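Heads up, the thing below is written out as structure tokens.
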Amino acid sequence: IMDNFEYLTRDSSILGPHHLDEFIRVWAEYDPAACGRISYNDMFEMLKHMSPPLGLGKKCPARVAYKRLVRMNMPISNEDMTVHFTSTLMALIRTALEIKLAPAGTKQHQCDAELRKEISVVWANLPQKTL
Amino acid sequence: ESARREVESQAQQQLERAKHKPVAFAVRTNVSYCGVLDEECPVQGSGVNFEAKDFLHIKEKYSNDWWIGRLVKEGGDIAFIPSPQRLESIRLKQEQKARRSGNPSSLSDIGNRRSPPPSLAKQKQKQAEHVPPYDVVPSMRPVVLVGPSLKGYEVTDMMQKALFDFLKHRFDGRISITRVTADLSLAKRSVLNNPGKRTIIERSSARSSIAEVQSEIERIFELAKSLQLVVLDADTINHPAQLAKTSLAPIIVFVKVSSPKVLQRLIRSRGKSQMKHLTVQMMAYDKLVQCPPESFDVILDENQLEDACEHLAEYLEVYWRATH
Amino acid sequence: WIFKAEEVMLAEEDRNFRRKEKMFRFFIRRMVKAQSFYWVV
Amino acid sequence: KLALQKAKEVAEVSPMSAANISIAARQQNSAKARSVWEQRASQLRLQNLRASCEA
């Protein structure tokens with residue numbers, strides 16, 4: 008029981024462990040294979056294809072979503088057709104709880120270093136996803 | 612020069628011989644100064660490094676410009692303290708290093724208004740109040756209890772009685788405790804030359820009881836001169852602010868109660884007689900709690916009688932070891 | 178605290194009827210709060 | 018806090034009670050069991066107070 012206590016005390020309003028499977032199920036409809044990178048237009052519809060509770064409850068919370076895609080550094084620096092699943096669901100799960108980069112918006116490197124040192128041994132596969 | 616070394620040696624030998632003489636009296640400062648940095652000290656490098664509101668014990672005499680004394684600190688040695696007139700001179704030296712001290716400002720106005728320093732630029736003026744740098748406080752600071760309610764009501768009387776008995780028993784043979792029936796809040800120094808010198812004048816103050824207050828003041832002074840610890844049981848103290856501008860400056864001991872509910876429950880535990888005065892008891896309690904902690908000297912907030920007893924005992928043991 | 182103070186006050190007042198029974202009551206009220214009474218009962 | 022006041026009250030002598038609490042503060046901090054029920058309760062308290070604050 009204790010091994011699943013975090014599941015048995017959900018109070019689902021910020022549910023994150025279980026919605027990743029739903030996001031994968033939704034995303035599997037578009038992507039044919041790995042392909043490295045995907046285009047730009049799909050993600051705008053993808054933000055609505057998934058369950059609205061995580062990212063935009065109503066039309067008003069979509070503004071917050073409009074804040075997540077802009078106003079900060081985005082992988083747009085590389086090729087225009089680039090994946091954002093490494094930058095969308097990361098952003099949602101990072102801002103939904105324990106959000107500190109919003110009030111400041113300048114000390115991103117410290118948070119990135121803390122995240123990296125918490126995942127120091129993952130064989131350096133996430134570096135591409137963190138961008 | 613041989614004379615300065617000779618007087619240095621004479622002063623050192625005098626200090627060595629007088630280290631074991633009875634203490635004469637004590638004073639308290641109110642200014643920030645160091646007794647080692649001055650060049651006028653008869654012994655260099657062995658001055659007193661004191662601050663504002665510190666206590667000095669004086670035993671023997673040096674001259675009109677310096678005295679010999681020790682600090683109330685634990686292990687404090689013998690140093691030289693500048694005299695009242697010497698402190699006045701060094702204070703005048705404090706306000707002379709500036710560009711100007713009198714009325715003529717130096718705001719790019721030089722050569723036209725010389726304006727030699729008048730009587731307003733010296734220590735002759737500013738005599739409306741004239742707070743003295745040195746005050747002769749009692750040799751041993753009196754110990755007084757305040758709170759948690761009005762003195763003269765059951766809760767406060769017992770709460771203080773228990774501590775008084777503990778102090779008497781633990782320090783038996785080295786402490787004197789007496790009840791001060793007369794009033795104490797009017798311990799003034801600069802009201803007049805002698806308010807009510809004779810009781811047969813039949814004046815406003817001649818027929819009053821102020822002279823009793825002053826007589827109790829010298830009684831406390833002479834009892835503190837005895838070097839033994841003194842504890843006061845006067846029932847006219849309910850806030851340290853009533854006895855903070857006087858000359859005694861007693862050790863304020865606060866026996867506070869954690870919350871108002873506990874105090875009023877305690878009061879209810881007595882009976883209807885204290886239920887009648889519960890209102891004023893609560894009012895005085897909250898007013899005394901609103902007094903800030905830096906006003907008091909020690910705090911007794913533990914709910915256990917023992918823990919507070921050994922707390923006060925440790926503080927007074929530190930004081931005893933410090934002044935010997 | 179209050180009771181300790183009260184018994185001190187009574188002792189200092191008596192040292193120099195109601196007084197005798199009050200002293201007996203205080204002594205009784207102290208013989209039931211000791212470890213000896215606890216272990217005996 | 019008492020040990021902080023027992024050193025704040027004495028300025029005339031080097032207080033040894035300041036180090037007394039420092040050496041006596043870590044003896045009782047070793048029994049930090051905090052079973053998973055307690056940790057989950059603390060996290061739930063944090064979530065509820067945060068939800069009340071956001072309203």
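Protein chains in written order, with the numbering used here: chain A, 8 to 138; chain B, 612 to 935; chain C, 178 to 218; chain D, 18 to 72. From the three backbone atoms N, C-alpha and C, an ideal C-beta is built for every residue, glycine too.
Practice task
Could you work out which residue in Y47/A, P110/A and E121/A is closest to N85/A when comparing CA atoms only?
Solution key: To locate residue 85/A, count along the first sequence from 1; it is residue 78. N85/A has its Cα closest to that of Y47/A, out of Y47/A, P110/A and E121/A.
Problem - chain A within 9 Å of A48/D, Cβ atoms only - result: Here residue 48/D refers to the residue found at position 31 of the fourth sequence. Chain A, which has no Cβ nearer than 9 Å to the Cβ of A48/D, makes this no.
Practice task
In the DSSP assignment, find the unbroken beta strand (DSSP E) run with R711/B in it and report its ends.
Solution key: Against the second sequence, residue 711/B aligns to sequence position 100. Element bounds for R711/B: n/a, residue is neither H nor E.
Practice task
Work out the CA separation of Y896/B and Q738/B for me, nearest whole Å.
Solution key: Translated into the one-based positions of the second sequence, residue 738/B becomes position 127. Translated into the one-based positions of the second sequence, residue 896/B becomes position 285. Between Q738/B and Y896/B, the C-alpha separation is close to 39 Å.
Problem - Amino acids of chain A, ordered along the chain, whose beta-carbon sits closer than 9 Å to that of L61/D - result: Stepping through the fourth sequence from its first residue, residue 61/D is reached at position 44. Result: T16 and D18.
Exercise for the section: Using beta-carbon positions only, say whether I179/C and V766/B come within less than 9 Å of one another. Expected result: To locate residue 179/C, count along the third sequence from 1; it is residue 2. To locate residue 766/B, count along the second sequence from 1; it is residue 155. In contact: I179/C and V766/B (Cβ atoms closer than 9 Å).
Exercise for the section: Enumerate, from N- to C-terminal direction, the unbroken beta strand (DSSP E) stretches of 3 or more residues contained entirely within the segment 769-840 of chain B. Expected result: 786-789
Problem - Interface residues of chain D facing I910/B [CB-CB closer than 7 Å] - result: Translated into the one-based positions of the second sequence, residue 910/B becomes position 299. Chain D residues near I910/B: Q22.
Problem - Interface flag, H922/B vs chain D, CB-CB below 9 Å - result: Locating residue 922/B in the second sequence gives position 311, counting from the first residue. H922/B counts as touching chain D.
Problem - With 16 other Cβ atoms within 10 Å as the buried cut-off, status of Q45/D - result: Mapped onto the fourth sequence, residue 45/D falls at position 28. Exposed, by the Cβ-count rule.
Exercise for the section: Return the first residue and the last residue of the alpha helix (DSSP H) that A36/D is part of. Expected result: The residue labelled residue 36/D in the question sits at position 19 within the fourth sequence. Unbroken alpha helix (DSSP H) run through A36/D: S34 to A41.
Exercise for the section: Just the C-alpha distance for residue 936/B and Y930/B, rounded to the nearest angstrom, thanks. Expected result: The structure shown does not extend to residue 936/B, since chain B is modelled only from 612 to 935, so the question has no answer here.
Handout entry: Beta carbon proximity, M200/C to chain B, threshold 9 Å
Key = Your numbering for residue 200/C matches position 23 in the third sequence. No, because no Cβ of chain B sits closer than 9 Å to the Cβ of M200/C.
Handout entry: Closer than 9 Å to chain D by CB, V842/B
Key = Counting from 1 along the second sequence, the entry for residue 842/B is found at position 231. Answer no: the Cβ-Cβ gap between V842/B and chain D never drops below 9 Å.
Handout entry: For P693/B, the residue or residues it bridges with in DSSP
Key = Sequence index remark: in the second sequence, residue 693/B carries index 82 (1-based). Its beta-bridge partners are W677/B.
Practice task
Select from the segment 178-202 of chain C all residues with a C-beta closer than 7 Å to any C-beta belonging to chain B, and list them in chain order.
Solution key: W178, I179, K181, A182, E183, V185 and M186
Problem - Extent of the continuous beta strand (DSSP E) to which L756/B belongs - result: Residue mapping note: residue 756/B aligns to position 145 of the second sequence, counting from 1. Taken as a continuous stretch (DSSP letters only), the beta strand (DSSP E) holding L756/B covers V754 to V757.
Exercise for the section: Pull up the distance between the alpha-carbon of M97/A and that of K49/D, whole angstroms please. Expected result: Position 90 of the first sequence, counted from the first residue, corresponds to residue 97/A. Position 32 of the fourth sequence, counted from the first residue, corresponds to residue 49/D. Roughly 33 Å separates the two Cα atoms.
Exercise for the section: Given a cut-off of 9 Å, decide if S726/B and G713/B are closer than it, judged by their beta-carbon atoms. Expected result: For the purposes of this step, residue 713/B is identified with residue 102 of the second sequence, where counting begins at 1. For the purposes of this step, residue 726/B is identified with residue 115 of the second sequence, where counting begins at 1. Yes, Cβ-Cβ distance for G713/B and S726/B is below 9 Å.
Handout entry: Local Cβ density within 10 Å of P753/B, reported as buried at 16 or more and exposed below that
Key = The sequence position of residue 753/B within the second sequence is 142, counting from 1. Under this definition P753/B is a buried residue.
Problem - residue 953/B at chain D interface by Cβ criterion, 9 Å - result: This structure cannot speak to residue 953/B, because chain B is shown only from 612 to 935.
Exercise for the section: State whether the segment 739-748 of chain B contacts the segment 692-708 of chain B, with contact taken as three or more CB pairs (one from each stretch) at a distance under 8 Å. Expected result: Touching, per the Cβ criterion.
Exercise for the section: Can you grab the Cα-Cα spacing for the pair residue 574/B / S787/B, in whole Å? Expected result: Since the first residue of chain B shown is 612 and the last is 935, residue 574/B is not available in this structure.
Problem - Under 7 Å (Cβ pairs) to chain D, residues found in the segment 617-642 of chain B - result: none
Exercise for the section: Quick one: using the 10 Å Cβ neighbour count with 16 as the cut-off for buried, is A798/B buried or exposed? Expected result: Within the second sequence, residue 798/B is the residue found at index 187, counting from 1. Buried is the call here.
Practice task
Kindly provide the ranges of any beta strand (DSSP E) runs that are 3 or more residues long and lie completely inside the segment 859-892 of chain B, ordered along the chain.
Solution key: 862-866
Practice task
Establish whether the CB of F12/A and some CB of chain D are separated by less than 9 Å.
Solution key: Walking along the first sequence from the start, residue 12/A turns up at place 5. True, the Cβ-Cβ gap to chain D drops below 9 Å.
Handout entry: Backbone secondary structure at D665/B - three-state DSSP
Key = Here the question's residue 665/B lines up with position 54 in the second sequence. It is coil, neither helix nor strand.
Practice task
Please look up how many angstroms separate the CB atoms of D908/B and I848/B, rounded, as I've assumed it's under 8 Å.
Solution key: Numbered from 1 along the second sequence, position 297 holds the residue referred to as residue 908/B. Numbered from 1 along the second sequence, position 237 holds the residue referred to as residue 848/B. About 13 Å separates the beta carbons of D908/B and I848/B, which is beyond the 8 Å limit, so they are not a contact pair.
Practice task
Identify the contact partners of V53/D in chain B, using a Cβ-Cβ distance below 8 Å as the criterion.
Solution key: To locate residue 53/D, count along the fourth sequence from 1; it is residue 36. Correct list: empty, because the minimum Cβ distance to chain B is about 34 Å.
Practice task
Keeping to the same chain, check which residues put their C-beta closer than 7 Å to that of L761/B; ignore five residues upstream and five downstream.
Solution key: Along the second sequence, one-based indexing puts residue 761/B at 150. Taken in chain order, the residues that qualify are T767, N849, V891, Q892 and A895.
Problem - Helix, strand or coil at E671/B [DSSP, three-state] - result: Here residue 671/B corresponds to residue number 60 of the second sequence, with the count starting at 1. Strand.
Practice task
For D665/B, collect the residues of the same chain with a Cβ closer than 6 Å to its Cβ; drop the 5 residues on either side in sequence, then sort them by chain order.
Solution key: As a first step, residue 665/B is located in the second sequence; it is residue number 54 there, counting from the start. Within the same chain, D665/B has close Cβ partners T640.
Practice task
Report the residue from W216/C, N193/C, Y215/C and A188/C whose alpha carbon sits nearest the alpha carbon of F201/C.
Solution key: As a position in the third sequence, residue 201/C is number 24, starting the count at 1. Comparing Cα positions, the closest option is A188/C.
Handout entry: Cutoff 6 Å; reference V868/B; Cβ partners in own chain excluding five residues on either side
Key = Looking up residue 868/B in the second sequence gives position 257. Contacts found: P759 and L874.
Exercise for the section: Compute the distance between the beta-carbons of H922/B and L21/D, then report whether it is under 9 Å. Expected result: The count along the second sequence starts at 1 and reaches residue 922/B at position 311. The count along the fourth sequence starts at 1 and reaches residue 21/D at position 4. The answer is no: Cβ separation not under 9 Å.
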